[PDB]
Chemist: 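Before anything else, here's the structure in question.
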Amino acid sequence: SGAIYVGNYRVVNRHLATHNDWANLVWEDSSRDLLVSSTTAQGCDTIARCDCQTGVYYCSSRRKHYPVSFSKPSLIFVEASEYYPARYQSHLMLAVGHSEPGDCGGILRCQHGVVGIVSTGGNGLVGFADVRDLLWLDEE
Ligand SMILES: CNC(=O)c1cnc(C)s1
Ligand SMILES: [Zn+2]
C-alpha cells in the first residue's frame, strides 16, 4: 500500500483505490495502474520533473529503501500477480529489486522528488508506474 500526496491530490495504484477514492475521482488509467482522487488537507510530497534513471524506492516487504537504476517509462508485458492477469502495462519503469504485491504504493524518488510508485514485479524486476509526465498534478 501507499500513496503520493501532492497538493490536494492523492495518487494511488488503481487496483488499491478505495470507494472514497472512486467517489472523489480526479483521473484514472487502467493501462498505467494509476488513480488520482481529491484531498482536504495539502500533502507533503513534491513530484520530480526529469529523466532520471537512478533513485531509491521503498520496499514494505523488506522495511528497506533500496537504491536502483531504472528504465525510462514504456509499454511492457507484465505476467499475472494476485491483483492483475498476464497483461501489458504503460508508463512502466523496471529495476532489479525485490517486489511483492503488497509493496505496491511504495515511492520511487530521485534528487528531483517523487518519480513513481511500485506497481508491477516478477523474476527480480520491480516495476514503477511513472507520474513525472503528470504536470497537471502541480497545478489547480
Ligand atoms: C508489485 N510486485 C508484484 O506484485 C509482484 C512481484 N512478483 C510477482 C510474481 S507479482
Ligand atoms: Zn530526477
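Along the sequence shown, residues carry numbers from 1. Hydrogens, waters and symmetry mates are skipped; everything else that's a heavy atom, side chains included, is used.
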Chemist: Rounded to the nearest 0.5 Å, what separation is found between the SG atom of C52 and the CZ atom of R109?
Modeler: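 So the SG of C52 and the CZ of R109 are separated by 13.0 Å.
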Chemist: Is the shortest heavy-atom distance from the side chain of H15 to the side chain of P101 under 4.5 Å?
Modeler: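 No, every pair of side-chain atoms sits at 4.5 Å or beyond.
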Chemist: Return the CG to CG distance between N123 and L125, rounded to the nearest 0.5 Å.
Modeler: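 Here the interatomic distance stands at 7.5 Å.
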Chemist: Return each pair, listed once, that meets salt bridge (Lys or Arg N to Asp or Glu O under 4.0 Å) where at least one residue sits in residues 16-31; pairs must be two or more places apart or across chains.
Modeler: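 Sorted pair list: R10-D21, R14-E28.
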Chemist: I'd like to check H65 versus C59 (side-chain heavy atoms, cut-off strictly below 4.5 Å). Are they in contact?
Modeler: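 When only atoms from C-beta onward are counted, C59 and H65 do not touch, as no gap falls below 4.5 Å.
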Chemist: Just how far is it from atom NE2 of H112 to atom CG of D51, taken to the nearest 0.5 Å?
Modeler: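 Atom-to-atom, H112:NE2 and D51:CG are 8.5 Å apart.
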Chemist: Quick one: which residue pairs count as a side chain to side chain donor-acceptor pair (under 3.5 Å) with a foot in residues 68-80, not counting sequence neighbours?
Modeler: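 Of all non-adjacent pairs touching residues 68-80, none passes side chain to side chain donor-acceptor pair (under 3.5 Å).
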Chemist: Which atoms form the tightest heavy-atom contact between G55 and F70, and what is the distance?
Modeler: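 Closest approach of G55 to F70, heavy atoms only: N-CE2, 3.6 Å.
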Chemist: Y5: which other cluster members, linking ILVMFWY side chains closer than 4.5 Å, directly or transitively?
Modeler: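 The other cluster members (ILVMFWY side chains, heavy atoms under 4.5 Å, direct or chained): none.
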Chemist: Would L108 and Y58 satisfy side-chain contact (heavy atoms from CB on, under 4.5 Å), going step by step from the backbone distance to the final call?
Modeler: CA-CA 7 Å; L108 171 66; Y58 183 64; over 6 Å; no
Chemist: Strictly by side chain to side chain donor-acceptor pair (under 3.5 Å), give each pair with a member in residues 92-106 just once, sequence neighbours left out.
Modeler: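 Those involving residues 92-106 are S60-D103, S61-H98, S61-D103, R62-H98, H98-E100.
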Chemist: Looking at every heavy atom in both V96 and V68, which two are closest together, and how far apart are they?
Modeler: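 In this case the closest contact between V96 and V68 is O-CG1, 3.8 Å.
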Chemist: Which residues pass the salt bridge (charged side-chain N to carboxylate O under 4.0 Å, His left out) test with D138, not counting sequence neighbours?
Modeler: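 For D138, the residues satisfying salt bridge (charged side-chain N to carboxylate O under 4.0 Å, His left out) (neighbours in sequence not counted) are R49.
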Chemist: Of all heavy-atom pairs between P73 and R132, which one has the smallest distance, and what is that distance?
Modeler: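 Heavy-atom minimum between the residues: CD-NH2, 3.9 Å.
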Chemist: Is there a path of hydrophobic side-chain contacts, each under 4.5 Å between heavy atoms of I/L/V/M/F/W/Y residues, joining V36 to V6?
Modeler: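 Linked, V6 and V36 end up in one cluster.
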Chemist: Working to the nearest 0.5 angstrom, can you tell me the gap between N8 CG and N24 CG?
Modeler: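 That separation rounds to 11.5 Å.
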Chemist: Indicate the atoms forming the closest heavy-atom contact of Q89 with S31, along with that distance.
Modeler: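 In terms of heavy atoms, the two residues are closest at CG-O, 3.2 Å.
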Chemist: If two hydrophobic side chains count as joined below 4.5 Å and joins carry through other members, does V126 share a cluster with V78?
Modeler: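 Cluster IDs for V126 and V78 differ.
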Chemist: In this structure, are over 12 heavy atoms from other groups packed under 6.0 Å from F77 atom CZ?
Modeler: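 Yes, the 6.0 Å shell around CZ holds more than 12 heavy atoms from other groups.
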Chemist: Verify, without hydrogens or angle tests, whether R32 (side chain) and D130 (backbone) share a donor-acceptor contact under 3.5 angstrom.
Modeler: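 Flag set: sc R32 to bb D130 pair under 3.5 Å.
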Chemist: By the rule that ILVMFWY residues connect when side-chain heavy atoms come within less than 4.5 angstrom, directly or transitively, which residues belong alongside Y83?
Modeler: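 Members other than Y83 - counting any ILVMFWY side chain reachable under 4.5 Å - are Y84.
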Chemist: Kindly determine whether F128 and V115 satisfy side-chain contact (heavy atoms from CB on, under 4.5 Å), including the steps that lead there.
Modeler: CA-CA 9 Å; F128 307 94; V115 171; over 6 Å; no
Chemist: Do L35 and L25 come within less than 4.5 Å of each other through their side chains, counting heavy atoms only?
Modeler: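 Touching, per the 4.5 Å side-chain cut-off.
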Chemist: Can you tell me how far CG of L94 sits from OG1 of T120, rounded to the nearest 0.5 angstrom?
Modeler: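 Rounded to the nearest 0.5 Å, the OG1-CG separation comes to 5.5 Å.
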Chemist: Do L134 and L34 pass the side-chain contact (heavy atoms from CB on, under 4.5 Å) test, and can you show the C-alpha distance, the side-chain angles, and the key distance before you say yes or no?
Modeler: CA-CA 11 Å; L134 303 177; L34 284 189; 4.1 Å; yes
Chemist: What are the two closest non-hydrogen atoms of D33 and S119, and how far apart are they?
Modeler: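 Taking every non-hydrogen atom into account, OD2-OG, 2.8 Å.
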Chemist: Are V26 and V12 connected into the same hydrophobic cluster when the rule is that any two of I, L, V, M, F, W, Y join if their side-chain heavy atoms are below 4.5 Å apart?
Modeler: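 In one cluster: no.
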Chemist: Would a 4.5 Å heavy-atom cut-off, applied to side chains only, mark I117 and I107 as touching?
Modeler: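 The answer is yes, as the side chains (C-beta and beyond) meet within the 4.5 Å cut-off.
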Chemist: Mark yes or no for whether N13, through its side chain, and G105, through its backbone, hold a donor-acceptor pair below 3.5 Å.
Modeler: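 Judged by distance alone, yes, a pair lies under 3.5 Å.
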Chemist: Does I47 form a side-chain contact (heavy atoms from CB on, under 4.5 Å) with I4? I'd like the steps, not just the answer.
Modeler: CA-CA 9 Å; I47 306 300; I4 315 165; 3.7 Å; yes
Chemist: Work out which heavy atom in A3 is nearest to a heavy atom in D45; give both atom names and the distance.
Modeler: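 The pair with the smallest heavy-atom distance is O-OD2, 4.2 Å.
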Chemist: So, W27 versus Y9, ring centres under 6.0 angstrom or not?
Modeler: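 Aromatic pair excluded; centres sit 6.0 Å or further apart.
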